[PDB]
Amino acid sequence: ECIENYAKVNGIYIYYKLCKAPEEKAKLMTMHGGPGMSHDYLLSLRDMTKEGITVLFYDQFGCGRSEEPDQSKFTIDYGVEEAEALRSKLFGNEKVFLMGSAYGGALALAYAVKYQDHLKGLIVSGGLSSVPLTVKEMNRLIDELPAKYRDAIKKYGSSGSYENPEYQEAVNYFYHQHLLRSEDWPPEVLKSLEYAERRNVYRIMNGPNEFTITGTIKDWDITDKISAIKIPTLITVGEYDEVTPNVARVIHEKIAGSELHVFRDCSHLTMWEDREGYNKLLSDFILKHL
């Protein structure tokens, strides 16, 4: 059973779940996506504890069970400092591996750019170094959808009528094709989605949905900074990932020595679509860079 707590970090109370032992070989911090989701959908990574990998989960500022800070702090830079504060105020000076999913991936990239000296390795899953680029690729995905849904997206989407059933059915389709390719989504994934809708971070930083990123990060782009990352890096992406392998390729190019792995028959939530394979890949990576 993991150890759960609700302590104050860089000024605000953050919820975290530390799943450690047995025979710990390394520690791994995880950064969920959204922005504005919760750690819940990453729980499948908990399996790695059986491989000697302690896993740290936590809900970022304003996310899930964590308290929301002042609006002025709704930035990726703030998320990075929040993350370093948690690592230090939990593992002291220990070197740790960092894993980020989607937005969590971009956040993990920003973190590495500044604090890679506190890391043994970096893992980015369905991540991005440029929101604009990700939008470009997502737009292509929308057009590749059957006219039926594609039209509803451009129609109600351009009218801000996200409360329409046709538009809604179009979003559901896109999700079942590029977010999670499953007819029965796990409770953990559903909980994080619910959390995003309940809090404000998702609406303020991201936007109405996965492919309608009109939040405060819409222009965020640090592709020209990531080349400064020199630590072991593992980049993963799903074949049908809403954050396409083309976006992943851009990250891979800049980080020398990094690895790029495309999960066939998978989309964005690769940790659920191929749980055993996803965990094995990360476990082998971590264990080979102690």
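The first residue of the sequence shown is number 1, and the count goes up from there.
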> When the C-alpha temperature factors are averaged for each of 79-87 and 147-155, which stretch ends up with the higher value in the entry?
Replying inline: 147-155
> Of 3-11 and 280-288, which one has the bigger average CA B-factor?
Replying inline: 3-11
> Going by the entry, which of 180, 142, 189, 124 has the most elevated CA B factor?
Replying inline: 142
> Of the options 72, 129, 200, 116, which has the highest CA B factor as deposited?
Replying inline: 72
> In terms of the chain's CA B-factor thirds, is residue 266 lowest, middle or highest?
Replying inline: middle
> Of the three thirds of its chain by CA temperature factor, lowest, middle or highest, which one includes residue 112?
Replying inline: middle
> What third of the chain, by the recorded C-alpha B-factor, contains residue 195?
Replying inline: middle
>> Which third, lowest, middle or highest, does the C-alpha temperature factor of residue 32 belong to within its own chain?
In response: lowest
> By its CA B factor, does residue 176 count among the lowest, middle or highest third of the modelled residues in the chain?
Replying inline: middle
